[PDB]
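Q: show me the folded form of this:
(4 chains)
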Amino acid sequence: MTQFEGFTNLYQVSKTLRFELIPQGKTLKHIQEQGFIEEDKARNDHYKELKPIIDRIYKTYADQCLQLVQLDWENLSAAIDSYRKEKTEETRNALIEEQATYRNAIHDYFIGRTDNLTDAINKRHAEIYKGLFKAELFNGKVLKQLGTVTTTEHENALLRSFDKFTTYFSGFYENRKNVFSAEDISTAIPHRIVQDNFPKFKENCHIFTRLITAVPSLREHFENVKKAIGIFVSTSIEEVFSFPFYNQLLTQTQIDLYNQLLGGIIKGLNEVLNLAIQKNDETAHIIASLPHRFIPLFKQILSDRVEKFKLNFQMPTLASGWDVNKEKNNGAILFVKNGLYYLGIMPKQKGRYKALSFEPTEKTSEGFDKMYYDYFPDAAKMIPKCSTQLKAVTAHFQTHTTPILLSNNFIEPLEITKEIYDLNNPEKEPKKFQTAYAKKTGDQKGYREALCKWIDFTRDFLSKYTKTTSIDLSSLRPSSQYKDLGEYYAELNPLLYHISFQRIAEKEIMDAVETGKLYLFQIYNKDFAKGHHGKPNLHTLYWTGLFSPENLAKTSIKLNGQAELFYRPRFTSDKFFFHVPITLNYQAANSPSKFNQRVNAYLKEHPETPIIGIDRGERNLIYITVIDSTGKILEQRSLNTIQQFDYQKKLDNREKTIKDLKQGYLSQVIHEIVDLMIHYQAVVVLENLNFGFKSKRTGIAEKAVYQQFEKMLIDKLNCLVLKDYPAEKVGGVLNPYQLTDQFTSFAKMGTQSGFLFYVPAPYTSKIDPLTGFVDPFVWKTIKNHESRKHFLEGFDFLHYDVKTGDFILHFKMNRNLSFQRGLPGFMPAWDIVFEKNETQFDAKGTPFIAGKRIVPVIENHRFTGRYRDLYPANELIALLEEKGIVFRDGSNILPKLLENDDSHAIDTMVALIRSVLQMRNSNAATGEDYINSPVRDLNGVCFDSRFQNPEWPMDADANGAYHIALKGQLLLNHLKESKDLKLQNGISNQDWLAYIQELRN
RNA sequence: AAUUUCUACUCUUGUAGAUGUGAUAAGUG
DNA sequence: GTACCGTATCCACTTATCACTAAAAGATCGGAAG
DNA sequence: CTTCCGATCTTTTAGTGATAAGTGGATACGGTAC
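A: Numbers count the residues shown, from 1 in each chain, chains lettered A, B, ... in the order given. Coordinates below:
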């Protein structure tokens, strides 16, 4: 079985680091001599003022292209109706596939190969699609072929100013591909049309024909609304709410008119429906019993309805890669000198660029240590960059069937037959070695043969290519044993990455600095100062562990390319910022796989793991409870004071910039929760925020702040390092703890994310930690006098107890259903004890009155806040002896107080009832916060948190945290009884109540 | 109150935690 | 005192996507042959 | 003088896997009103 230390190196995680750059020597002076910063600022300004223009080009082509759509939609309507009726995974896959083919069909409309258009117009659209993601956007063929857009002379000079520099737009270029892609991404126009916008129109047409079949008299009414605004006058109303009209409403203008016809501007259709409903006649009732509103349609994509400068040093792809081959054109290098780190940027020389090419020197010689970065990039995107997909081999193979020998950039000629090009290009979307072919066709032996041939071919290429022939590949498994090539690529990719270090003479370096031929900066933060004394930052730990020698021996933290430079005009003077991304757990796979299943397997193998419940308290900001497998608690904690600094005492006296203090407080408490997590080897539970909205008195009140606190808790638990831990130890810098799955979205992540669970919010604070009893009555229904008589007659019997002086009330769940909430308990009979108010002492001998309650005062039928204390037994005996009832007999007092039917007596009696079943009682003026249950348990004692017993929660905050931990225990027990290593993805209040009452009574 | 950046302090010209950046688009209150 | 109806959120905040790239391929310029 | 050749710098370009899967709703001070 696995251990808790086994949850490391599961999947990669990409992070980034930020540093300041301190100029070295005359370097800044040379920059101040050369004036690159003003030109880079002008380049950035021109880019940001040219972005709307190129955006306008994109909008014009998008509208001009999608105005010609001639596709029908009834088949995908039938598919989505079938999935709505059935929710079958076969119907789910069919719906996904049919949406995908519709997206590809309108993509062929976009890229000009659809059969519905003329092949000349198709070729024109194909040329435009090829042009729109290339350098010919800048004073090239695109603007001439699409003459619909006029450009002023200033705007042509602005477009010309980026000559030979389109790579600066290149990432944005790829971003526009995300607009025009068809791979189900939410930014894509095909996903907006096929998957997002269409179901709203389908629902609108369905509810319209339902309304028409219900009553047709509004139909002509709709017609004059269509004549009120004068929109779509060439067509009728029922033609608009039909499938062939969805061949219109693709441009943003048509969507705008369709939305404004419903919303008005001047009467609209929705307000016409509102006046029809407000008539409250029979037709209003039959349309109020049906969905009587139309949802609007979403707006189309990219259509209208201290700052810093990016630095490039007039040299594109600056720090795009660290490789020595691309060191010539990227110009970014690193040096290490007695613990300090330096960044070298060689700018382009006068006219042409001249390389520097420092020679190696002896290690014993004084000077810097230049790093050498050998990195063949990802095999998927690199192996077909050479061999097949070379223009020469594709042309030759289009002409001949003979295998071709290539020798350029090879240490030995490599042969490629037609078979390998057929596996990599089978003219179909699923390639023969690809898993989609095995999924669709099921030919597993042909899949195995194609995989073996491809694996042998890429092994031969890795042996023959000049960048990779030096690298040893003996660690690879034999070819026929790989079950899929994704695992092979994840295995092969770490073997193609190496970092060396070679000493460079100091004199050459600072001579290059002295002439200005090499620019040198020092990577710097607080921790690299000479007065550094304490524990360093986490990013400093990653940066140090990146260049540690045993990390160079085996790379667990990988240095990425794509580094950026910024200039900020701390803020006393201008500063240079350097941003660099890194990848941690590089030896592991790129994506998590069955992470929750692995966590449940460990949890089933380790039933003794504790549970930490997290709760938002009223007095304490965040409360912590740690309990065992049997539900007995181990630790209660209030996190108001973190590192001997109270935080409530800052919030209260500063509330009379809150958000940044809240962020800082959550950042401090995240270290505490992760310390308890790693100390107890346990699981943690948080409340599910989307299933409740409470805590108007808790300092952490907003949904947003707790929601993003869970965001950073998930991010922190995704990869976890500790400053005290050694680097090679599990939990260290190069072996971080991975315990939670990657965040995708709060709606799609479910309830369990690794070792972190989620629990529905209510019925956690105001509930007995000994009996699980809760108040069953909604009290907004208790207003009228006969209503409170039915409230009184719903109870069984009440009688004084002579022995201990308390009162005994009985209730059963089969009665008083008119005022009872719809959540019955596990047992059918509850016994309320009205405890006599007597003085007792807690575990430390603090005097306290048992059974005391506090209720708010009411003035002008409204609360005022002066939260006033009362003694429920004293008021009960006061109103009891108000009219003189004998009670020492122990008889049923309820019909004796019921027969007189005094309205004031029933009012104060139900007020006393509200007093006694008020679960928690907390007043901030005197600081009381306590839980007092008017129900005795099986042992025979009613719970009261004023006793300060360490077996039970101190406070209602701790009570809620304990009950959240108990809900996590319920989820864990449901996991133990389950066999699929999954969960129910949610628990109801009734099952939770029944569970806690069965296992606690 | 000194920070790649943020929060909280000043035993220490500093300290304790957190810290994926850049770009784009959409939705909501 | 029992229905009951609407107000306070208006610039910010939250969800999706992708790049984390050497090297081929193509444009560009300076020098030599008819 | 005009044209064809190789160095040199900018762009673009290759593409793997593997399931989640369909998941439920929810008002609140407060004030004014018959």
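Q: what segments of the stretch 251-400 of chain A are helices?
A: Remark: helices assigned in the stretch 251-400 of chain A by DSSP state H, counting those that start in this stretch are A:252-263, A:269-278, A:282-288, A:327-330, A:379-382, A:391-399.
Q: reformat these as TSV; add mean neighbour count.
A: In short, each C-beta sits where N, CA and C put it, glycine included. Shown next, in TSV, are the helices of the stretch 251-400 of chain A (neighbours: other Cβ atoms under 10 Å):
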stretch	mean neighbour count
helix A:252-263	17
helix A:269-278	16
helix A:282-288	14
helix A:327-330	17
helix A:379-382	14
helix A:391-399	12
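Q: just put these in CSV and tack on distance to residue A:933.
A: Formatted as CSV, the entries for the helices of the stretch 251-400 of chain A read as follows, by distance: least, Cβ to Cβ, whole Å:
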stretch, distance to residue A:933
helix A:252-263, 54
helix A:269-278, 48
helix A:282-288, 45
helix A:327-330, 70
helix A:379-382, 63
helix A:391-399, 80
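Q: looking at the ones you listed, which is closest to DNA strand D?
A: For those, distance to DNA strand D was read as Cβ to the nearest atom of the strand. The smallest value, 3.4 Å, belongs to helix A:379-382.
Q: for that closest one, name the packing helices and strands.
A: For helix A:379-382, the packing partners by 3 or more Cβ pairs under 8 Å, 6 or more residues apart in numbering; DSSP states H and E come out as helix A:485-492.
Q: any buried residues in the helix it packs on, and which?
A: Of the residues in helix A:485-492, those buried under the neighbour-count criterion (16 or more other Cβ atoms under 10 Å) are A:485, A:486, A:488, A:489, A:490, A:491, A:492.
Q: quick check, nearest of these to DNA strand D?
A: When the buried residues of helix A:485-492 are compared for distance to DNA strand D (Cβ to the nearest atom of the strand), residue A:486 wins out at 2.8 Å.
Q: report the secondary structure state of the residue most central in space within chain A.
A: Centroid-nearest residue in chain A, with Cα atoms, centre = their mean: residue A:745, separated by 3.6 Å. Recorded secondary structure, residue A:745: coil (DSSP: H, G, I helix; E, B strand; the rest coil).
Q: does residue A:599 belong to a helix, a strand or coil?
A: helix.
Q: of all the helices of the stretch 251-400 of chain A, which one comes closest to RNA strand B?
A: helix A:252-263 (8.4 Å).
Q: so what touches that closest one?
A: Contacting residues not belonging to helix A:252-263 are listed as A:63, A:197, A:225-226, A:229, A:231-232, A:240, A:248-249, A:268-270, A:294, A:296-300, A:303-305 [Cβ atoms under 8 Å, 6 or more residues apart in numbering].
Q: turn the helices of the stretch 251-400 of chain A into JSON lines, columns for distance to RNA strand B.
A: Rendered in JSON lines, the data for these read as follows (distance: least, Cβ to the nearest atom of the strand, whole Å):
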{"stretch": "helix A:252-263", "distance to RNA strand B": "8"}
{"stretch": "helix A:269-278", "distance to RNA strand B": "14"}
{"stretch": "helix A:282-288", "distance to RNA strand B": "21"}
{"stretch": "helix A:327-330", "distance to RNA strand B": "17"}
{"stretch": "helix A:379-382", "distance to RNA strand B": "17"}
{"stretch": "helix A:391-399", "distance to RNA strand B": "30"}
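Q: out of the ones you listed, which gets nearest to residue A:460?
A: Using Cβ to Cβ as the criterion, the shortest distance between residue A:460 and the helices of the stretch 251-400 of chain A is 13.8 Å, found for helix A:379-382.
Q: quick check: residue A:947 touching residue A:842?
A: Yes: at 5.0 Å, residue A:947 and residue A:842 qualify as touching, with contact defined as Cβ atoms under 8 Å.
Q: around DNA strand D, which positions in the stretch 101-250 of chain A sit nearby?
A: For the stretch 101-250 of chain A, the contact set with DNA strand D under Cβ under 7 Å from any atom of the strand comprises A:133, A:134, A:135, A:136, A:164, A:165, A:166, A:167, A:170, A:173.
Q: hmm, which of these are the buried ones?
A: By neighbour count, with 16+ other Cβ under 10 Å, those hold A:135, A:136, A:165, A:166, A:173 as buried.
Q: how about the contacts made by the residue nearest to the second one when sequence neighbours are not counted?
A: So that's residue A:136. In space, not counting the residues next to it along the chain, residue A:136 is nearest to residue A:142; the distance is 5.9 Å by Cβ to Cβ, 6 or more residues apart in numbering. Each residue near residue A:142 by Cβ under 8 Å, 6+ apart is listed here: A:57, A:128, A:131, A:132, A:136.
Q: go on, residue A:738?
A: A:7, A:8, A:9, A:10, A:11, A:13, A:585, A:718, A:719, A:720.
Q: list phi and psi for it.
A: Dihedral pair for residue A:738: phi -110, psi 110, per degrees, to the nearest 10.
Q: and the gap between it and residue A:719?
A: 6 Å (Cβ to Cβ, to the nearest Å).
Q: again with residue A:122
A: The span separating residue A:122 from residue A:719 equals 49 Å under the rule Cβ to Cβ.
Q: more neighbours, these two?
A: A count of neighbours by other Cβ atoms under 10 Å puts residue A:719 above the other of residue A:122 and residue A:719, at 21 against 18.
Q: which members of the residues of the stretch 101-250 of chain A next to DNA strand D are the farthest-apart pair?
A: Pairwise distances across those (Cβ to Cβ) peak at 17.9 Å, for the pair A:133 and A:164.
Q: and the longest helix that chain A contains, anywhere near DNA strand D?
A: Longest helix in chain A by number of residues, with DSSP state H as the criterion: helix A:36-66. No: with Cβ under 7 Å from any atom of the strand as the threshold, helix A:36-66 lies outside contact range of DNA strand D, at a closest distance of 12.5 Å.
Q: quick one: that helix to helix A:252-263, angle?
A: Computed with axes from the mean of the first three to the mean of the last three Cα atoms, to 10 degrees, the direction of helix A:36-66 lies at 70 degrees from that of helix A:252-263.
Q: which strands or helices does helix A:36-66 pack on?
A: For helix A:36-66, the packing partners by 3+ Cβ pairs under 8 Å, 6+ apart are helix A:89-111, helix A:153-160, helix A:170-180, strand A:309-311, strand A:564-568.
Q: residue contacts, residue A:575?
A: If a contact means Cβ under 8 Å, 6+ apart, then residue A:575 has A:20, A:567, A:568 as its contacts.
Q: closest to RNA strand B out of these?
A: The nearest member of the contacts of residue A:575 to RNA strand B, counting by Cβ to the nearest atom of the strand, is residue A:20 at 4.1 Å.
Q: where's residue A:204 relative to residue A:269, distance?
A: Relative to residue A:269, residue A:204 is positioned 11 Å away (criterion: Cβ to Cβ).
Q: show me what counts as buried in stretch A:601-621.
A: Across stretch A:601-621, burial judged by 16+ other Cβ under 10 Å covers A:602-603, A:606, A:609-621.
Q: can you give me the end-to-end distance of it?
A: 34 Å (Cα to Cα, to the nearest Å).
Q: related to what we said a few turns ago, does DNA strand D sit close to the next helix or strand after the longest helix of chain A?
A: Toward the C-terminus, helix A:36-66 is succeeded by helix A:74-86 as the next helix or strand (DSSP states H and E). No: Helix A:74-86 does not reach DNA strand D (Cβ under 7 Å from any atom of the strand); its nearest approach is 7.9 Å.
Q: much appreciated, bye for now.
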